[PDB]
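Chemist: Sharing entry12.pdb (PDB, C-alpha atoms) below.
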```pdb
ATOM      1  CA  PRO A 234      -0.531  -7.968  16.825
ATOM      2  CA  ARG A 235      -4.269  -7.368  17.291
ATOM      3  CA  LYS A 236      -4.989  -3.723  16.418
ATOM      4  CA  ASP A 237      -5.990  -2.909  12.840
ATOM      5  CA  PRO A 238      -3.007  -2.848  10.499
ATOM      6  CA  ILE A 239      -2.255   0.294   8.523
ATOM      7  CA  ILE A 240      -1.387   0.860   4.868
ATOM      8  CA  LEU A 241       0.159   4.202   3.937
ATOM      9  CA  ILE A 242      -0.737   5.568   0.513
ATOM     10  CA  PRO A 243       0.174   9.215   0.230
ATOM     11  CA  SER A 244      -0.125  10.543  -3.298
ATOM     12  CA  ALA A 245       1.759  12.692  -5.756
ATOM     13  CA  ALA A 246       0.439  14.070  -9.036
ATOM     14  CA  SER A 247       1.887  11.053 -10.834
ATOM     15  CA  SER A 248       0.309   8.474  -8.514
ATOM     16  CA  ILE A 249      -1.718   5.824 -10.289
ATOM     17  CA  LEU A 250      -3.146   4.453  -7.004
ATOM     18  CA  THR A 251      -4.450   6.765  -4.267
ATOM     19  CA  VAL A 252      -7.010   6.580  -1.450
ATOM     20  CA  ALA A 253      -9.569   7.748  -4.027
ATOM     21  CA  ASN A 254      -9.321   4.622  -6.205
ATOM     22  CA  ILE A 255      -7.788   1.994  -3.945
ATOM     23  CA  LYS A 256     -11.059   0.417  -2.822
ATOM     24  CA  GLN A 257     -12.270  -0.093  -6.397
ATOM     25  CA  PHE A 258      -8.907  -1.582  -7.255
ATOM     26  CA  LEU A 259      -8.440  -3.912  -4.293
ATOM     27  CA  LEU A 260     -12.073  -4.960  -3.769
ATOM     28  CA  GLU A 261     -13.452  -4.990  -7.303
ATOM     29  CA  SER A 262     -10.229  -5.524  -9.252
ATOM     30  CA  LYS A 263     -11.283  -2.458 -11.190
ATOM     31  CA  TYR A 264      -8.642   0.117 -12.035
ATOM     32  CA  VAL A 265      -9.902   3.697 -12.499
ATOM     33  CA  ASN A 266      -8.029   6.983 -12.965
ATOM     34  CA  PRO A 267      -8.012   8.527  -9.478
ATOM     35  CA  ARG A 268      -8.771  12.049 -10.693
ATOM     36  CA  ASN A 269     -12.086  10.757 -12.082
ATOM     37  CA  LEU A 270     -13.472   9.659  -8.695
ATOM     38  CA  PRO A 271     -14.706  11.565  -5.613
ATOM     39  CA  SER A 272     -11.955  12.808  -3.329
ATOM     40  CA  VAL A 273     -11.793  11.319   0.177
ATOM     41  CA  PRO A 274     -11.936  14.407   2.462
ATOM     42  CA  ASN A 275     -10.298  12.807   5.539
ATOM     43  CA  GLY A 276      -7.791  10.784   3.504
ATOM     44  CA  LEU A 277      -8.894   7.556   5.150
ATOM     45  CA  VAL A 278     -10.515   4.432   3.800
ATOM     46  CA  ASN A 279     -11.233   1.089   5.377
ATOM     47  CA  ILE A 280     -11.047  -2.308   3.707
ATOM     48  CA  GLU A 281     -11.845  -5.653   5.289
ATOM     49  CA  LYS A 282     -10.192  -8.738   3.814
ATOM     50  CA  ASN A 283     -10.858 -12.404   4.427
ATOM     51  CA  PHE A 284      -7.519 -14.115   3.770
ATOM     52  CA  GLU A 285      -7.284 -17.824   3.038
ATOM     53  CA  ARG A 286      -4.389 -18.302   5.424
ATOM     54  CA  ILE A 287      -5.469 -16.131   8.347
ATOM     55  CA  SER A 288      -8.497 -17.236  10.366
ATOM     56  CA  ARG A 289     -10.082 -13.908  11.369
ATOM     57  CA  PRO A 290     -10.975 -11.180   8.870
ATOM     58  CA  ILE A 291      -8.443  -8.336   8.826
ATOM     59  CA  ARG A 292      -9.549  -4.705   8.721
ATOM     60  CA  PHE A 293      -7.087  -2.296   7.170
ATOM     61  CA  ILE A 294      -6.844   1.396   7.830
ATOM     62  CA  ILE A 295      -5.588   2.982   4.603
ATOM     63  CA  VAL A 296      -4.456   6.572   4.931
ATOM     64  CA  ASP A 297      -2.861   9.223   2.727
ATOM     65  CA  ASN A 298      -1.316  11.087   5.656
ATOM     66  CA  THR A 299       0.167  10.506   9.107
ATOM     67  CA  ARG A 300      -2.081  12.700  11.265
ATOM     68  CA  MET A 301      -3.440   9.620  13.082
ATOM     69  CA  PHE A 302       0.038   8.789  14.379
ATOM     70  CA  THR A 303      -0.275  10.479  17.756
ATOM     71  CA  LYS A 304       1.744   7.793  19.523
ATOM     72  CA  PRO A 305       4.831   6.003  18.181
ATOM     73  CA  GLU A 306       3.137   2.622  18.578
ATOM     74  CA  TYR A 307       0.881   3.431  15.603
ATOM     75  CA  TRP A 308       4.025   3.059  13.511
ATOM     76  CA  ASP A 309       4.392  -0.588  14.559
ATOM     77  CA  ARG A 310       1.012  -1.189  12.893
ATOM     78  CA  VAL A 311       2.148  -0.074   9.432
ATOM     79  CA  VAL A 312       2.297  -3.219   7.279
ATOM     80  CA  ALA A 313       2.575  -1.738   3.774
ATOM     81  CA  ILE A 314       3.667   1.514   2.196
ATOM     82  CA  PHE A 315       2.819   2.570  -1.339
ATOM     83  CA  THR A 316       5.508   4.893  -2.659
ATOM     84  CA  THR A 317       5.216   7.950  -4.872
ATOM     85  CA  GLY A 318       8.842   7.879  -5.887
ATOM     86  CA  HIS A 319       9.769  11.018  -3.912
ATOM     87  CA  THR A 320      12.311  10.431  -1.159
ATOM     88  CA  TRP A 321      10.762  13.289   0.842
ATOM     89  CA  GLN A 322       7.728  10.996   1.266
ATOM     90  CA  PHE A 323       9.340   9.491   4.367
ATOM     91  CA  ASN A 324      10.641  12.617   6.119
ATOM     92  CA  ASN A 325       8.114  12.561   8.989
ATOM     93  CA  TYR A 326       7.924   8.770   9.265
ATOM     94  CA  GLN A 327       9.227   6.990  12.387
ATOM     95  CA  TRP A 328      11.895   5.444  10.170
ATOM     96  CA  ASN A 329      12.688   8.171   7.671
ATOM     97  CA  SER A 330      15.352   6.586   5.471
ATOM     98  CA  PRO A 331      14.221   4.123   2.792
ATOM     99  CA  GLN A 332      16.880   1.574   3.709
ATOM    100  CA  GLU A 333      15.666   1.177   7.307
ATOM    101  CA  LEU A 334      12.004   1.728   6.465
ATOM    102  CA  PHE A 335      11.794  -0.951   3.762
ATOM    103  CA  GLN A 336      13.766  -3.431   5.820
ATOM    104  CA  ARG A 337      10.904  -3.511   8.307
ATOM    105  CA  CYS A 338       7.816  -2.361   6.342
ATOM    106  CA  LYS A 339       6.753  -3.812   3.001
ATOM    107  CA  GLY A 340       7.000  -1.272   0.196
ATOM    108  CA  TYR A 341       5.272  -1.167  -3.190
ATOM    109  CA  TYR A 342       5.789   1.013  -6.240
ATOM    110  CA  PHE A 343       2.965   0.885  -8.799
ATOM    111  CA  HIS A 344       3.424   2.275 -12.292
ATOM    112  CA  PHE A 345       2.187   1.877 -15.845
ATOM    113  CA  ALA A 346       3.808  -0.579 -18.194
ATOM    114  CA  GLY A 347       6.076   1.457 -20.456
ATOM    115  CA  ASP A 348       6.888   4.157 -17.910
ATOM    116  CA  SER A 349      10.420   3.985 -16.526
ATOM    117  CA  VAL A 350      11.143   3.518 -12.847
ATOM    118  CA  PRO A 351      13.311   6.297 -11.346
ATOM    119  CA  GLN A 352      16.801   4.959 -10.631
ATOM    120  CA  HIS A 353      16.584   5.703  -6.905
ATOM    121  CA  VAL A 354      13.284   3.799  -6.713
ATOM    122  CA  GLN A 355      14.789   0.810  -8.525
ATOM    123  CA  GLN A 356      17.374   0.592  -5.736
ATOM    124  CA  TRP A 357      14.791   0.679  -2.944
ATOM    125  CA  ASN A 358      13.720  -2.616  -1.437
ATOM    126  CA  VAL A 359      10.196  -2.172  -2.761
ATOM    127  CA  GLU A 360       8.123  -4.390  -5.016
ATOM    128  CA  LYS A 361       7.537  -2.778  -8.414
ATOM    129  CA  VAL A 362       4.128  -3.628  -9.863
ATOM    130  CA  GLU A 363       3.008  -2.792 -13.415
ATOM    131  CA  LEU A 364      -0.491  -2.006 -14.661
ATOM    132  CA  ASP A 365      -1.458  -1.673 -18.331
ATOM    133  CA  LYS A 366      -2.373   1.895 -19.268
ATOM    134  CA  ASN A 367      -5.191   0.876 -21.620
ATOM    135  CA  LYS A 368      -6.013  -2.780 -20.987
ATOM    136  CA  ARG A 369      -7.735  -3.961 -17.816
ATOM    137  CA  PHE A 370      -7.877  -7.749 -18.338
ATOM    138  CA  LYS A 371      -4.737  -8.310 -16.226
ATOM    139  CA  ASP A 372      -6.090  -6.409 -13.219
ATOM    140  CA  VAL A 373      -7.769  -9.420 -11.621
ATOM    141  CA  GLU A 374      -4.443 -11.244 -11.481
ATOM    142  CA  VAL A 375      -2.492  -8.178 -10.350
ATOM    143  CA  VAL A 376      -4.909  -7.722  -7.463
ATOM    144  CA  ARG A 377      -4.891 -11.418  -6.536
ATOM    145  CA  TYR A 378      -1.113 -11.280  -6.508
ATOM    146  CA  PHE A 379      -1.111  -8.124  -4.424
ATOM    147  CA  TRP A 380      -3.319  -9.667  -1.771
ATOM    148  CA  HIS A 381      -1.176 -12.826  -1.767
ATOM    149  CA  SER A 382       1.940 -10.646  -1.351
ATOM    150  CA  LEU A 383       0.358  -8.783   1.536
ATOM    151  CA  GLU A 384      -0.957 -11.999   3.140
ATOM    152  CA  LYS A 385       2.595 -13.372   3.189
ATOM    153  CA  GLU A 386       3.854 -10.176   4.764
ATOM    154  CA  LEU A 387       1.156 -10.257   7.474
ATOM    155  CA  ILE A 388       1.939 -13.863   8.365
ATOM    156  CA  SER A 389       5.630 -12.959   8.637
ATOM    157  CA  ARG A 390       4.774 -10.017  10.934
ATOM    158  CA  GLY A 391       2.865 -12.411  13.189
ATOM    159  CA  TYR A 392      -0.761 -11.908  12.209
ATOM    160  CA  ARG A 393      -2.658 -15.194  12.695
TER     161      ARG A 393
END
```
Let me see the structure of the file written as structure tokens.

Modeler:
Amino acid sequence: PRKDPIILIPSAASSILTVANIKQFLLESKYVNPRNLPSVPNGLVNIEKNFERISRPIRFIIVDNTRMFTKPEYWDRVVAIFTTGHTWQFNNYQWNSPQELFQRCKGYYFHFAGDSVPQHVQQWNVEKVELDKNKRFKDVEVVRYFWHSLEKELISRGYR
């Protein structure tokens, strides 16, 4: 696949990662409360990543909505989905049940250490990732691990 891959990150009130704070997190390994940053009017951010195990840099389109999906083939480009924990998140997705969706797209569920994971989310085939509420010294490693996790997924989906 050669078009830019897509990461879906819609948000709910409880979301700890949204399009508003995802760049700071993934590029600077700096976690910031998303309500304390400028909103992103179009719900779209771009991030370029140079992976160790992929030759060319990869440019991600990271969106909080599915308005860009004007042809079904856009859905084939979705390589990761951040989940809010609401099952209604997927209602308008090409694959709208979590079982099918997370069999073919990598899912993540981020939450604060100490906060319980909803039972239905625990059952989903998504990777649960914890962040400290009040310490930030682990963030560098969490982000390194996230990128490694995503790199592995890209290689498996044929990105070279």

Chemist: Pull out every residue that the PyMOL selection byres ((chain A and resi 366) around 9) matches in the shown coordinates and put them as an MDAnalysis selection string.

Modeler: chainID A and resid 345:347 364:365 367:369

Chemist: If I take CA of residue 304 in chain A and CA of residue 326 in chain A, how far is one from the other in Å, to one decimal?

Modeler: 12.0 Å

Chemist: Could you tell me, as a VMD selection string, which residues have any atom at most 9 Å from (-11.9, -2.4, 4.7), counting only C-alpha atoms?

Modeler: chain A and resid 256 260 278 to 282 291 to 295

Chemist: Determine the residue set returned by the PyMOL selection byres ((chain A and resi 325) around 12) for the present structure, and present it as a count of residues only.

Modeler: 17

Chemist: Please, which residues are within 9 Å of (3.7, 3.3, -5.1) by the file's coordinates, counting all atoms listed in the file, and could they come as a VMD selection string?

Modeler: chain A and resid 242 to 244 248 to 251 314 to 318 340 to 344 359 to 362

Chemist: Take the residues from that selection and put them in a file with C-alpha atoms, as a PDB file, keeping the file's coordinate frame.

Modeler:
```pdb
ATOM      1  CA  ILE A 242      -0.737   5.568   0.513  1.00  0.00           C
ATOM      2  CA  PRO A 243       0.174   9.215   0.230  1.00  0.00           C
ATOM      3  CA  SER A 244      -0.125  10.543  -3.298  1.00  0.00           C
ATOM      4  CA  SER A 248       0.309   8.474  -8.514  1.00  0.00           C
ATOM      5  CA  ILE A 249      -1.718   5.824 -10.289  1.00  0.00           C
ATOM      6  CA  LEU A 250      -3.146   4.453  -7.004  1.00  0.00           C
ATOM      7  CA  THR A 251      -4.450   6.765  -4.267  1.00  0.00           C
ATOM      8  CA  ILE A 314       3.667   1.514   2.196  1.00  0.00           C
ATOM      9  CA  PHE A 315       2.819   2.570  -1.339  1.00  0.00           C
ATOM     10  CA  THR A 316       5.508   4.893  -2.659  1.00  0.00           C
ATOM     11  CA  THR A 317       5.216   7.950  -4.872  1.00  0.00           C
ATOM     12  CA  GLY A 318       8.842   7.879  -5.887  1.00  0.00           C
ATOM     13  CA  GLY A 340       7.000  -1.272   0.196  1.00  0.00           C
ATOM     14  CA  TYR A 341       5.272  -1.167  -3.190  1.00  0.00           C
ATOM     15  CA  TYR A 342       5.789   1.013  -6.240  1.00  0.00           C
ATOM     16  CA  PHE A 343       2.965   0.885  -8.799  1.00  0.00           C
ATOM     17  CA  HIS A 344       3.424   2.275 -12.292  1.00  0.00           C
ATOM     18  CA  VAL A 359      10.196  -2.172  -2.761  1.00  0.00           C
ATOM     19  CA  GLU A 360       8.123  -4.390  -5.016  1.00  0.00           C
ATOM     20  CA  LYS A 361       7.537  -2.778  -8.414  1.00  0.00           C
ATOM     21  CA  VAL A 362       4.128  -3.628  -9.863  1.00  0.00           C
TER      22      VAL A 362
END
```

Chemist: When distances are computed from all atoms listed in the file, which of A:296, A:389, A:253, A:309 shows the smallest separation from residue 265 in chain A?

Modeler: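 Looking only at the distances to residue 265 in chain A, the closest residue turns out to be A:253.
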
Chemist: Could you tell me which of A:297, A:374, A:363, A:386 comes closest to residue 339 in chain A if we count only C-alpha atoms?

Modeler: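 The shortest atom-to-atom distance to residue 339 in chain A comes from A:386.
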
Chemist: Which of these, A:306, A:261, A:333, A:237, has the shortest distance to residue 289 in chain A once you count only C-alpha atoms?

Modeler: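 Of A:306, A:261, A:333, A:237, the one nearest residue 289 in chain A is A:237, counting only C-alpha atoms.
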
Chemist: Any idea what's packed within 10 Å of residue 353 in chain A, counting all atoms listed in the file, ignoring anything in its chain fewer than 2 positions away? Could you give it as number ranges by chain?

Modeler: A: 318-320, 350-351, 355-357

Chemist: Report the distance between CA of residue 287 in chain A and CA of residue 336 in chain A in Å, rounded to one decimal place.

Modeler: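 Calculated distance between CA of residue 287 in chain A and CA of residue 336 in chain A is 23.2 Å.
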
Chemist: Got a minute to add N, CA, C and O atoms to range 339-354 of chain A and dump it as a PDB file, in the coordinates of the input?

Modeler:
```pdb
ATOM      1  N   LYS A 339       6.851  -3.439   4.401  1.00  0.00           N
ATOM      2  CA  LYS A 339       6.753  -3.812   3.001  1.00  0.00           C
ATOM      3  C   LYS A 339       6.410  -2.608   2.138  1.00  0.00           C
ATOM      4  O   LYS A 339       5.431  -1.913   2.387  1.00  0.00           O
ATOM      5  N   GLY A 340       7.234  -2.353   1.129  1.00  0.00           N
ATOM      6  CA  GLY A 340       7.000  -1.272   0.196  1.00  0.00           C
ATOM      7  C   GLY A 340       6.572  -1.749  -1.185  1.00  0.00           C
ATOM      8  O   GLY A 340       6.982  -2.818  -1.649  1.00  0.00           O
ATOM      9  N   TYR A 341       5.746  -0.930  -1.832  1.00  0.00           N
ATOM     10  CA  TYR A 341       5.272  -1.167  -3.190  1.00  0.00           C
ATOM     11  C   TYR A 341       5.449   0.098  -4.008  1.00  0.00           C
ATOM     12  O   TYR A 341       5.323   1.208  -3.484  1.00  0.00           O
ATOM     13  N   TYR A 342       5.750  -0.079  -5.290  1.00  0.00           N
ATOM     14  CA  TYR A 342       5.789   1.013  -6.240  1.00  0.00           C
ATOM     15  C   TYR A 342       4.988   0.586  -7.473  1.00  0.00           C
ATOM     16  O   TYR A 342       5.410  -0.281  -8.226  1.00  0.00           O
ATOM     17  N   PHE A 343       3.825   1.191  -7.662  1.00  0.00           N
ATOM     18  CA  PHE A 343       2.965   0.885  -8.799  1.00  0.00           C
ATOM     19  C   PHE A 343       3.201   1.895  -9.912  1.00  0.00           C
ATOM     20  O   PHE A 343       3.340   3.101  -9.663  1.00  0.00           O
ATOM     21  N   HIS A 344       3.249   1.402 -11.144  1.00  0.00           N
ATOM     22  CA  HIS A 344       3.424   2.275 -12.292  1.00  0.00           C
ATOM     23  C   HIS A 344       2.862   1.620 -13.547  1.00  0.00           C
ATOM     24  O   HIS A 344       2.554   0.427 -13.559  1.00  0.00           O
ATOM     25  N   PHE A 345       2.694   2.410 -14.592  1.00  0.00           N
ATOM     26  CA  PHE A 345       2.187   1.877 -15.845  1.00  0.00           C
ATOM     27  C   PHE A 345       3.288   1.213 -16.636  1.00  0.00           C
ATOM     28  O   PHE A 345       4.419   1.705 -16.691  1.00  0.00           O
ATOM     29  N   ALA A 346       2.938   0.090 -17.250  1.00  0.00           N
ATOM     30  CA  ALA A 346       3.808  -0.579 -18.194  1.00  0.00           C
ATOM     31  C   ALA A 346       4.239   0.437 -19.242  1.00  0.00           C
ATOM     32  O   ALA A 346       3.403   1.149 -19.800  1.00  0.00           O
ATOM     33  N   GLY A 347       5.542   0.513 -19.493  1.00  0.00           N
ATOM     34  CA  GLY A 347       6.076   1.457 -20.456  1.00  0.00           C
ATOM     35  C   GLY A 347       6.772   2.635 -19.806  1.00  0.00           C
ATOM     36  O   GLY A 347       7.725   3.175 -20.354  1.00  0.00           O
ATOM     37  N   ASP A 348       6.294   3.036 -18.631  1.00  0.00           N
ATOM     38  CA  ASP A 348       6.888   4.157 -17.910  1.00  0.00           C
ATOM     39  C   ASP A 348       8.070   3.680 -17.088  1.00  0.00           C
ATOM     40  O   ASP A 348       7.952   2.721 -16.336  1.00  0.00           O
ATOM     41  N   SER A 349       9.197   4.368 -17.220  1.00  0.00           N
ATOM     42  CA  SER A 349      10.420   3.985 -16.526  1.00  0.00           C
ATOM     43  C   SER A 349      10.300   4.189 -15.030  1.00  0.00           C
ATOM     44  O   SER A 349       9.571   5.058 -14.568  1.00  0.00           O
ATOM     45  N   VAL A 350      11.036   3.375 -14.284  1.00  0.00           N
ATOM     46  CA  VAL A 350      11.143   3.518 -12.847  1.00  0.00           C
ATOM     47  C   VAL A 350      12.355   4.403 -12.545  1.00  0.00           C
ATOM     48  O   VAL A 350      13.442   4.165 -13.067  1.00  0.00           O
ATOM     49  N   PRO A 351      12.173   5.445 -11.714  1.00  0.00           N
ATOM     50  CA  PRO A 351      13.311   6.297 -11.346  1.00  0.00           C
ATOM     51  C   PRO A 351      14.455   5.448 -10.780  1.00  0.00           C
ATOM     52  O   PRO A 351      14.204   4.468 -10.086  1.00  0.00           O
ATOM     53  N   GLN A 352      15.699   5.795 -11.078  1.00  0.00           N
ATOM     54  CA  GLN A 352      16.801   4.959 -10.631  1.00  0.00           C
ATOM     55  C   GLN A 352      16.797   4.764  -9.115  1.00  0.00           C
ATOM     56  O   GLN A 352      17.053   3.659  -8.635  1.00  0.00           O
ATOM     57  N   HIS A 353      16.512   5.820  -8.356  1.00  0.00           N
ATOM     58  CA  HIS A 353      16.584   5.703  -6.905  1.00  0.00           C
ATOM     59  C   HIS A 353      15.507   4.755  -6.398  1.00  0.00           C
ATOM     60  O   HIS A 353      15.716   4.051  -5.414  1.00  0.00           O
ATOM     61  N   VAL A 354      14.360   4.729  -7.077  1.00  0.00           N
ATOM     62  CA  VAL A 354      13.284   3.799  -6.713  1.00  0.00           C
ATOM     63  C   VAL A 354      13.667   2.351  -7.045  1.00  0.00           C
ATOM     64  O   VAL A 354      13.365   1.417  -6.296  1.00  0.00           O
TER      65      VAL A 354
END
```
